[PDB]
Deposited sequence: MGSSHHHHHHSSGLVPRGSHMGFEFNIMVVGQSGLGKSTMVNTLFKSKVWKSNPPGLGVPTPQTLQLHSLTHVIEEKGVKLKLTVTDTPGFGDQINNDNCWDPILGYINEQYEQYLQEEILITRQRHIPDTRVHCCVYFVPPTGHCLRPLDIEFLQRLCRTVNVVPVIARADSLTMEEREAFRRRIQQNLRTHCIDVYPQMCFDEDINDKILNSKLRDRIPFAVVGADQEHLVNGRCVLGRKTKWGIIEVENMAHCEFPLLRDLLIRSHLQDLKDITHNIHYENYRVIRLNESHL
């Protein structure tokens, strides 16, 4: 069961740390055993399993942008990767016809990391998000959210949500794809919290008898899978549990078909 994720965002926002956090989550039956500034695109693939649901999960890690003087076209490698997977899938459909034998490398969701400035969406992130949402599912997150208080996280989230409407950035789950009243009720709860205020952690700690992922500070451990500490469980549950199939369905029937229709002509 193939599912492909990609992390995107400014350098130094915890993207690579979040990749390891996803694979090391204590909700999987078992975790794979065993980073600095990312210099190349690289994908990790591991068969993970939650109670009943087995997954071949791929997470593509990307070099961060926004450090040079001029960041024009810093979206090309990432957009290039996304369209390459659509191209491979289309060429496989042309050649072998039956999807049973086509490995699905298409990016089913992009997790876009927003700097926890507490202000509003930066023009560079707006430009990147507008280009990304045209071709792939995008779930934005407030990165390294432990640097904001709970109240600051919420106010920043509300401003980002306003910015997304102003610049017409339709992030996942898009309201136009709510197929039912049940979908509207469930997806409105998710849209209320997006962007999730996430914290990443690749280290495990023993806290009150529990082996948990966390960031150890002078004041204690920030437990990244604890809803009282951050909203990583919301991102994790969305991607792997509740909306995995919907993300793949939109990728196949909306984004990939848009690529297939255009390129075939």
Show which contiguous pieces of the deposited sequence have no C-alpha coordinates, counting from residue 1. 1-22, 57-60, 292-295
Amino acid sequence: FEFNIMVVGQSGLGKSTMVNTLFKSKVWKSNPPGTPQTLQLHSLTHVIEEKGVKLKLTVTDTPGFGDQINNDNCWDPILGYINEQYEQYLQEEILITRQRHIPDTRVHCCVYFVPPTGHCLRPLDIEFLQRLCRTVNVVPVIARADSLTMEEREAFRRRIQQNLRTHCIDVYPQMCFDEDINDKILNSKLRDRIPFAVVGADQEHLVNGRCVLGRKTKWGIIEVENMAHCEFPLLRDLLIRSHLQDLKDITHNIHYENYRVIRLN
From here on, numbers count along this sequence of modelled residues.
Averaged over C-alpha atoms, is the B-factor higher for 254-262 or for 4-12 in this PDB entry? 254-262
So, looking at the entry's B-factor column for Cα atoms, which has the higher mean, 51-59 or 234-242? 51-59
Which one of 92, 127, 146, 104 shows the biggest C-alpha B-factor in the PDB entry? 127
Candidate set 185, 109, 194, 82 [ranked by C-alpha B-factor, highest]: 185
Here the Cα B-factor of residue 225, set against its chain, lands in the third termed lowest
Is the Cα B-factor recorded for residue 213 in the lowest, middle or highest third of its chain? lowest
Could you say whether, by C-alpha temperature factor, residue 77 belongs to the lowest, middle or highest third of its chain? highest
Chain thirds of CA B-factor: placement of residue 162: middle
Sorting the chain's modelled residues by C-alpha B-factor and splitting them into thirds places residue 123 in the highest
